[PDB]
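In what follows, a single structure is set out as structure tokens and then discussed.
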Amino acid sequence: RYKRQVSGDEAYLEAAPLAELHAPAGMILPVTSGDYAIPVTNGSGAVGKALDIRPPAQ
Amino acid sequence: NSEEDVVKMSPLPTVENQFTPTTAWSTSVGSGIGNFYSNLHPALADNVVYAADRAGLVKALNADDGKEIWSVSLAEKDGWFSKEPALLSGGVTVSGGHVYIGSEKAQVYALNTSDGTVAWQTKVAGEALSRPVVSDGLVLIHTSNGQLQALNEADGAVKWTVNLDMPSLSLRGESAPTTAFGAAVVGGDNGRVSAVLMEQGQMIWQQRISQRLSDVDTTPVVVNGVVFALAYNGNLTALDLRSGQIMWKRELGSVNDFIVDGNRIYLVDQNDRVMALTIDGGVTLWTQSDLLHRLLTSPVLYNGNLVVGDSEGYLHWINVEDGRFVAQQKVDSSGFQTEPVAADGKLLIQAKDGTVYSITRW
Amino acid sequence: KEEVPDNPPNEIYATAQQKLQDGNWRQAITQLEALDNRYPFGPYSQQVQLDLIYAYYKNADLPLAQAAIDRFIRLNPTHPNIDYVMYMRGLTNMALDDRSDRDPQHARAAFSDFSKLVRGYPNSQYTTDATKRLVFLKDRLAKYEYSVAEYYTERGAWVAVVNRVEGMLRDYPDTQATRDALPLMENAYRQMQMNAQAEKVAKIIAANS
Amino acid sequence: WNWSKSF
Amino acid sequence: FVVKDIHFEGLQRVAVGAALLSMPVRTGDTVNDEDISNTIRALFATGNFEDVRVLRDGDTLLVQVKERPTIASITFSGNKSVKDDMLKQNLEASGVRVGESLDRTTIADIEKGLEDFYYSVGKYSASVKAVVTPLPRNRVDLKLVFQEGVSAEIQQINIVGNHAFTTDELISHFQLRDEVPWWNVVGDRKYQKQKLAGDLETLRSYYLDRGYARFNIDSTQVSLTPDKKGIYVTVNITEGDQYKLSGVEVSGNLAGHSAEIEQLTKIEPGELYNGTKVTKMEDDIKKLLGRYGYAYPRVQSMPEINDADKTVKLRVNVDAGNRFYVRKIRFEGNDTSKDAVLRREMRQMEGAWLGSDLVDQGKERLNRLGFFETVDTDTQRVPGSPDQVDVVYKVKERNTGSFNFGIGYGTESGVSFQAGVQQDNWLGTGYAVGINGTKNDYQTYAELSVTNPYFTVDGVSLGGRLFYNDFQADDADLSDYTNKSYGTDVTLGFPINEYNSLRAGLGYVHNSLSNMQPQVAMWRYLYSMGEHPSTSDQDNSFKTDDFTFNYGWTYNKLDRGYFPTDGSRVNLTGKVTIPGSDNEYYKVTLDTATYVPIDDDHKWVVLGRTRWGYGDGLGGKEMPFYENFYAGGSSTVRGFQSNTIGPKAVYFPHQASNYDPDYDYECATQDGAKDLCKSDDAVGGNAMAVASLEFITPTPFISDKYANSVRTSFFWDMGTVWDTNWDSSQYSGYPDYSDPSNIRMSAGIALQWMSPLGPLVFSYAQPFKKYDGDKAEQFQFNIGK
Amino acid sequence: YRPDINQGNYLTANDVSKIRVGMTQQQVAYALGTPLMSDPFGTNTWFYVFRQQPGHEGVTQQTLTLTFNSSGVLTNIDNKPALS
């Protein structure tokens, strides 16, 4: 209960960005399976208490 | 923590005794049946009364004073320390210098009236919970498993058996057949009245007189080629003695027996409504619901008056012409559970603590 | 017990809107539950459903918000403002996640939801935050797998270790836990005397750090 | 007697 | 009839489009009465309309309808023994719930459904009544009044067809019950089908484990009373003659392991058939075939019986299947606990071949912790692989914290109070913290405890403990001295054999001693420790700070924890003071218990207990008189007053604190005292040896139905305690307390059982050998916590 | 003090003799089974490891490295029966 009263309000954390993994010469890394992938969604919206999550009038 | 009942028990009526009952005598038997449901009840034959209890004790007494002629136990003792009861549950039946009793251990005893010595003993299929009917040199027993067996009188040898169907859940009690024109009519916990020839056991017919809902017939009756049966949470019915054609019905049930006199059927519902229907169409003549949920017993017609007991111990003499209580009496505090016995001008009854009473009126 | 009179819907809804703005959710929840029961087909029952999702979210009644979201998506699958509902779904699952060794199924659900949202509608306002949350959830799942591999390294199991680190290099290759887990695979390959593969793991390491 | 009351 | 338009009257919730869709008829088609009736029945079947009427106006097909009032609430009144939430769950499972409508003809149906639920929970005379409150806008509330009634209890359990074993002896091993005294905890008197099947299985096992292979349960019968407040059960059976086990013959794809098995199928030709042994053979073969990789090694046992000679011959069929490998192991439901807490209990490794026995072992190990209410397993397959699988353990977490209070009584400790707050999973980590306290007639104790059960992967633990202890002696049948002590302790625990367990640790303890009666066995130690107090006064204080190394070993093999019947328990404890500490001493104690049966049903037993102890000092010092050994009581030697066996006190002539005649004083100068002074109040000894030989029998007069819950014993106890440093040359007139030949014996009877107030143990003993000063207390008891 | 630690594929010593140079992957999968490990760094090369370590008694590890070709065909076998 008390734990789920913190994330609900505003709490927003930023993490370590994602950096690609290199492949040396004479070998190659495995396949990725693209199940957990992040596309690039262009645009500059708001994040972390600057976003209005108030339901609109519709 | 508290305990409550859906249905509220009824109070004790207030009546003026048009005649003041009495208690001619009372004898005690050991521990009686107790808080168990049993058919075990007294008997009477030739001015002597044979009674029993649940542990294995049996007694004979005079039907005039209460003097014990003999007494005998049937619980086997492995020495002076160990003692296992017999668990008697079959109504004492006396016919022809023999005394037939049943047990919960699937054992049927036949003693002698003189000394109490076992004339024979026999193992049966299951718990013998029925009155050991006697007819045609045979002894009909109805076991809890659904098997109706016919032992012999002088030997004890099982002559034949009939397997009646039994459901999962039922009531604690089995019907005692009735014999008529060389055929035995009986009922089972399935909701069916069944007829069987006494010689071999060939099923003549079977009818369903019912209406998790249960049904149990519990000892129909027969008059002038017409059978009368009654079920639990079901329909009272009249049937033809030879084909099973329901001639008329009526939606009301009971497990406790009923009586038929003249053109009147006196019965006691499961909710304890003493009623008197007619015999041709089931027309009701009067009702008496001043005893709702008093746990009555099977009635008996003594001197033109119905007699019924109750768990509190109060015996009620009730009129039959209209249905008004003509007397009420307090006898024992343990309570009455089994049926009375009216015969030879004597009215004997037995309580849960074994105390047999004989009732009169002055 | 929070008894509500039978005033017309206008004033009930205006009072609701006049209790959310202040910061009290337990009050408006009752009014909206009423205005929903008493008028399950009114002119703005949908609006009430959105407001109820918002309220149940900010009041910590998350299972009811899940139910409301599923219902709203079944009954109005083409509602213009359905992106909001998918965002709220992701947020509810993130909150239920609430601690990287613990059950990550809620995080996987949130990832799936945010993926649906961002792939379907990228020109929305509830998307950038979606990506900023997806990165976090990915790192969380990788850290869970790393914790498992660390346990199986303590124990003495060297096949589970390599299997799980390969599964990470497959599913979560672009994280830091993965970079922190290759040494475990090297140690495992070396303990089972397979050095021809530990050399490959070292080739990979030395090419990144 | 021993009463336990899991809070 | 051609239809050029469609119109509706009464559509409130269901849209016009939904109606137009569900209708077979549409605008622009010919219609007859048959199609109209079809439409009416469809609208009725939609479950949202109560009364429908499709009539024809001048031109339009007019549809009148009275929608069923939408249900706005479902109230309850009278659900004492049934939770409103569970009842609402059953209801919404039936179909009716909020938001839907109310079919005004299914009232009695719902009533009978709830009545059937009550019949299923035990109550058969319950009456349900559904009241219906209308409200505007075509809404309706449905109130449910419940008359619960009185429950039905079993009055009898009978078994017919049995001749070798009495019915009571069989019922004794049932989970159902027909008798429940007020002085025992044996169970309730309720009825449930599951318990009935369990009891049938128990009976079948009781019979198959004795040679009765042809045992058969013909049928069962459950019956009620016309008042429906009593239940009767009956069980017909057919026990056939006893059968022997002539031989065994195996056949199947043993996988070349036909050698390691025939040693598992060895018997004494001419043995009594048994089912437990057959199942044990099967389980052993399965464990072997799992040891060799196979995961689902089916094993079946078919007996070929011969009645002519009454010989059984088992036929074992073995089907060792294929090898399956594990790719993953998952845990779902662990929102608080971490993965390591659940994984370190798994005996099946990820990345290895499979064994179902190991999966079950892991499930049981998870069940023992107490952090999970339910624990289920699921061995899913892998898409695109016939030899790989993924195991899954689903769990439901349980609250771990525990407030606790407790009370008890006894002759030794008078009234005893206990109180503690415990936590077993601190933030989902396995740590077990707690604060506990105890208080009796002669001591207070308060401890704060912490412990990690896995300080090392193998299972090693590391504890921790702070403790405060106040101890008054005059209240313990000893000489007067008050010790207030505080300290700390840490200890590691090493398991090695699943029955043996070592432990080793360190500790610090500070003791303050005050209110001390002058006596010789005390100065003998004081002097040793440099002090030089006075004899004519008892205002004496002494403080010590000691560091101790403690060691211990434990062996437990008892078949059961409550009322054991075979096995042995053993415990060795030891302590030694390391340099730096003020005191220099070592101490050792050894407790032993051994249960040996002499029958096959484990009702006659021979119990043997021993308690040895020895301690002493090293640097010319003596052992502290507050670490001594005490004998006598309901634990060591019965028939004697607690802590009276052994040496007595030899007081000095000494004024008292506050003199007030009519009170008994121990050799005060104010009473004509001018020399040493024997006494009868114990002090303890540095050496102790105690033994007890007990014979456990069945309770003879209590019904065999529940005589297995009471334990009756006849015991012979022996004991001695003594001091090795008593100089019998200086103090001549007074006895020699360094003689161990002074053995104290007692004999008597003991009863032991379980009560709602708590465990009960009574004992009447009569010491026949006792020496000057030993106080007797024949009757003893303890209503414990 | 610790339980048995088992890892890898159970090789019965009669299957490892059923494999010749020239068999595809389906054949070795029918004979021995599907392995728990491989070489994800490009090449196709399976490793059948058989490791068992009972309570404080030692470790036994048998390794069977199977080096295939580009078209699923065995090309080399290497068996290490004991570990140094």
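What is reported rests on the model, the rules as stated and the sources as named; these are not laboratory values. Cβ coordinates were reconstructed from backbone atoms using ideal geometry, including for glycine residues, and neighbour counts include every protein chain displayed.
Looking across region E:191-248 at every residue that is among the polar types (S, T, N, Q) and closer than 28 Å to E:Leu272 by Cα, the one that is farthest from the other protein chains (Cβ to nearest Cβ) is identified as E:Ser246. Considering only region E:161-201, how many residues are surrounded by 15 or more Cβ atoms within 10 Å (Cβ to Cβ) and either polar (S, T, N, Q) or assigned by CATH to the domain that holds E:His602 (or both)? The total comes to 5. Filtered by the rule that a residue be in a loop (DSSP other than H, G, I, E, B) and closer than 23 Å to B:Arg131 by Cα, region B:211-224 gives B:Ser214, B:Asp215, B:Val216, B:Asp217, B:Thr218, B:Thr219, B:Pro220. Does region E:250-264 contain any residue that is out of contact with any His (no Cβ under 8 Å at 6 or more places or on another chain), hydroxyl-bearing (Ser, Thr, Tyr) and assigned to a strand (DSSP E or B)? Within region E:250-264, one or more residues are out of contact with any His (no Cβ under 8 Å at 6 or more places or on another chain), hydroxyl-bearing (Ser, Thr, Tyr) and assigned to a strand (DSSP E or B). When the criteria are applied in full, E:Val299 fails the requirement of being among the aliphatic types (A, V, I, L, M) and touching a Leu at 6+ places or on another chain (Cβ under 8 Å). Report yes if E:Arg503 is of a type in the set (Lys, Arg), surrounded by 15 or more Cβ atoms within 10 Å (Cβ to Cβ) and farther than 28 Å from E:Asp736 by Cβ, otherwise no. Taking the combined requirement at face value, the residue satisfies it. Looking across region E:436-483 at every residue that is of a type in the set (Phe, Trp, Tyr) and not in a strand (DSSP E or B), the one that is surrounded by the fewest Cβ atoms within 10 Å (Cβ to Cβ) is identified as E:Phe455. Being part of a loop (DSSP other than H, G, I, E, B), more than 26 Å from E:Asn90 (Cα to Cα) and among the acidic types (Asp, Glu) is a condition met by no residue of region E:143-160.
Using the structure shown, decide if A:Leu29 is in contact with a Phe, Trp or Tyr (Cβ under 8 Å, 6 or more places away or on another chain), facing chain C (nearest Cβ under 7 Å) and loosely packed, with under 10 Cβ neighbours inside 10 Å. The answer is no for A:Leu29.
Applying a threshold of 7 Å to beta carbon distances and a minimum spacing of six or more residues, or different chains, the list of pairs starting in region E:532-558 at a residue that is within 30 Å of E:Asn571 (Cα to Cα) and assigned by CATH to the domain that holds E:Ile578 and ending at one that is part of a strand (DSSP E or B) and among the basic types (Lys, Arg) reads E:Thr548/E:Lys575; E:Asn550/E:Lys575; E:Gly552/E:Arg503; E:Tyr555/E:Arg569; E:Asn556/E:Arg569; E:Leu558/E:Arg569.
Each residue in region F:6-53 was checked for being assigned to a loop (DSSP other than H, G, I, E, B) and either touching a strand residue (DSSP E or B) at 6+ places or on another chain (Cβ under 8 Å) or not acidic (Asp, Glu) (or both), and 28 of them qualify. Restricting region E:721-749 to residues that are among the β-branched types (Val, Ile, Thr) and assigned to a strand (DSSP E or B) leaves a set whose member that is farthest from E:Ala689 (Cα to Cα) is E:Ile749. Within region F:40-58, residues that are within 14 Å of chain A (Cβ to nearest Cβ) and of a type in the set (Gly, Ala, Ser) reach partners that are in a loop (DSSP other than H, G, I, E, B) and surrounded by 13 or more Cβ atoms within 10 Å (Cβ to Cβ) with beta carbons closer than 6 Å, at six or more positions or on different chains, in the pairs F:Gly42/A:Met27. Screening C:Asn7 on (1) assigned to a loop (DSSP other than H, G, I, E, B); (2) touching an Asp or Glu at 6+ places or on another chain (Cβ under 8 Å); (3) of a type in the set (S, T, N, Q) shows it passes everything except condition (2). A count restricted to region C:81-106 and to residues that are under 19 Å from E:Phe331 (Cβ atoms), assigned to a helix (DSSP H, G or I) and more than 7 Å from every other protein chain (Cβ to nearest Cβ) stands at 4.
Among residues of region C:111-145 being small (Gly, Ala, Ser) and farther than 27 Å from C:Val161 by Cα, the one that is surrounded by the fewest Cβ atoms within 10 Å (Cβ to Cβ) is C:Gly120. A count restricted to region E:753-774 and to residues that are buried (at least 16 other Cβ atoms within 10 Å of the Cβ) and away from chain D (no Cβ under 14 Å) stands at 8. Looking only at residues of region B:281-301 that are of a type in the set (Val, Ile, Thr) and away from chain E (no Cβ under 13 Å), we find that the one that is surrounded by the most Cβ atoms within 10 Å (Cβ to Cβ) is B:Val300. Here E:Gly351 meets the list (1) in contact with a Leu (Cβ under 8 Å, 6 or more places away or on another chain); (2) surrounded by fewer than 21 Cβ atoms within 10 Å (Cβ to Cβ) almost entirely, failing just condition (2). For region C:107-156, taking the residues that are under 18 Å from A:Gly48 (Cα atoms), assigned to a loop (DSSP other than H, G, I, E, B) and hydroxyl-bearing (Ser, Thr, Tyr), the one that is nearest to the other protein chains (Cβ to nearest Cβ) is identified as C:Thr127.
Restricting attention to region C:11-50 and to residues that are among the aromatic types (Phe, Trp, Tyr) and either touching a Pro at 6+ places or on another chain (Cβ under 8 Å) or outside any helix (DSSP H, G or I) (or both), the residue that is farthest from C:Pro80 (Cα to Cα) turns out to be C:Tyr39. Cβ-Cβ contacts under 7 Å between residues 6 or more apart (or on different chains), taken from a first residue in region C:159-170 that is more than 7 Å from every other protein chain (Cβ to nearest Cβ) to a second residue that is of a type in the set (S, T, N, Q), are listed as C:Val161/C:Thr153; C:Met168/C:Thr178. Filtered by the rule that a residue be assigned to a loop (DSSP other than H, G, I, E, B) and either surrounded by 22 or more Cβ atoms within 10 Å (Cβ to Cβ) or facing chain C (nearest Cβ under 7 Å) (or both), region E:317-335 gives E:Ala320, E:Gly333, E:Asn334, E:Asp335.
Please work out which residue is nearest to A:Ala11 (Cα to Cα), limiting yourself to region C:64-80 and to residues that are within 11 Å of chain A (Cβ to nearest Cβ) and part of a helix (DSSP H, G or I). So, considering only residues that are within 11 Å of chain A (Cβ to nearest Cβ) and part of a helix (DSSP H, G or I), the one nearest to A:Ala11 (Cα to Cα) is C:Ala65.
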